[PDB]
Amino acid sequence: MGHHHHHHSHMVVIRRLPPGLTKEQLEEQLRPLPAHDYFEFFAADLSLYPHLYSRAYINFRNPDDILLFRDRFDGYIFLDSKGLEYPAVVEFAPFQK
């Protein structure tokens, strides 16, 4: 009995998220990864936003999966119905054992 020893899963977070879209339309681009996991995603109404700021958190299974999506999603513009530019920046989360 033992384990196959899998590569270490490092945590990742997203930056520059203004209140507009809800997790349903928000996580679609935050967790479309192959081998990964996912955390709490915030909610918001574009029809007069709830004022406050909230941050989404991403979790992985493979460090290779990281550099894959981390490079392509590094500061990309997602557009809402109103034309709301979401400049989503993916980076490495402050690691805590």
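Residues numbered from 1 in each chain as written, not as in the entry; some residues may be left out. Heavy atoms only, no water.

- Regarding how it was determined, this PDB entry cites solution NMR in its header.

## Section: the sheet that holds strand β2 (residues 36–38)
Okay, step 1: Ordered in space as β2-β3-β1-β5-β4, the 5 strands form an open sheet in which the pairing is antiparallel. Each having just a single partner strand, β2 and β4 (76–79) make up the two edges of the open sheet. Each strand axis lies, on average, 30° off the axis of its neighbour in the sheet, ignoring direction.
Okay, step 2: Inspection of the sheet shows strand β1 (residues 12–15) paired to strand β3 (residues 57–60) by 2 bridges, in the antiparallel sense. In the sheet register, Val-13 faces β3, and the bridge partner there is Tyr-57.
Okay, step 3: Contacts between helix α2 (residues 63–72) and the sheet are confined to β1, β3 and β5 (85–92), with β5 contributing the most and set at about 155° to the helix. (Pairing = 2+ DSSP bridges. Helix = DSSP H or I, 4+ residues; strand = E, 2+ residues; numbered from the N terminus. Axes fitted to C-alpha atoms, helices over the stretch in contact; angles between N-to-C directions. Contact = heavy atoms within 4.5 Å.)

## Here we look at the environment of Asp-64
Okay, step 1: By the secondary structure assignment, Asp-64 is in helix α2.
Okay, step 2: Taking the C-alpha atoms as reference points, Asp-64 and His-7, separated by 57 residues in sequence, lie 8.7 Å from one another.

## Considerations on unusual backbone geometry
Okay, step 1: Even without a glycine there, the phi angle at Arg-16 is positive, about 65°.
Okay, step 2: Here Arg-16 shows up in the loop between β1 and α1 (23–26).
Okay, step 3: Judged by relative accessible area, which is 45%, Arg-16 ranks as partly exposed.
Okay, step 4: With phi around 65°, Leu-48 is a residue other than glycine that occupies positive phi space.
Okay, step 5: Looking at the secondary structure, you find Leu-48 in the loop between β2 and β3.
Okay, step 6: A relative accessible area of 80% places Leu-48 in the exposed class. (Buried < 20%, exposed > 50% of the residue type's maximum accessible area, 1.4 Å probe, protein only.)

## Points about the pattern of salt bridges
Okay, step 1: For the coordinates displayed, the defined rule picks out 4 salt bridges.
Okay, step 2: For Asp-37, the salt bridge identified is with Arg-61, shortest N-O distance 3.2 Å. Remark: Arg-61 occurs in the loop between β3 and α2 and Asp-37 occurs in strand β2; sequence separation between them is 24 residues.
Okay, step 3: When its relative accessible area of 22% is taken as the criterion, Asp-37 is described as partly exposed.
Okay, step 4: Taking relative accessible area as the criterion, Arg-61 reaches 45% and is therefore assigned partly exposed. (Salt bridge = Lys/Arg side-chain N within 4 Å of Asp/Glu carboxyl O.)

## Quick look at the packing of aromatic side chains
Okay, step 1: For the coordinates displayed, the defined rule picks out 4 aromatic pairs.
Okay, step 2: Taking the centre distance of 5.2 Å and the plane angle of 85° together, the rings of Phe-73 and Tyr-76 count as edge-to-face.
Okay, step 3: Using a relative accessible area of 15% as the deciding quantity, one classes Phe-73 as buried.
Okay, step 4: We classify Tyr-76 as partly exposed; its relative accessible area is 23%.
Okay, step 5: Taken together, the ring pairs in this structure connect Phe-69, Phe-73 and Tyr-76 into an aromatic cluster.
Okay, step 6: Taking the ring centre of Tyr-38 as reference, the NZ or CZ of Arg-31 above it sits at 5.8 Å.
Okay, step 7: Above the face of the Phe-69 ring, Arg-72 is positioned so that its terminal group lies 4.4 Å from the ring centre. (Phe/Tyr/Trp six-rings, centres within 6.5 Å; stacked < 30°, edge-to-face > 60°. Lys NZ or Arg CZ within 6 Å of the ring centre and 35° of its normal.)

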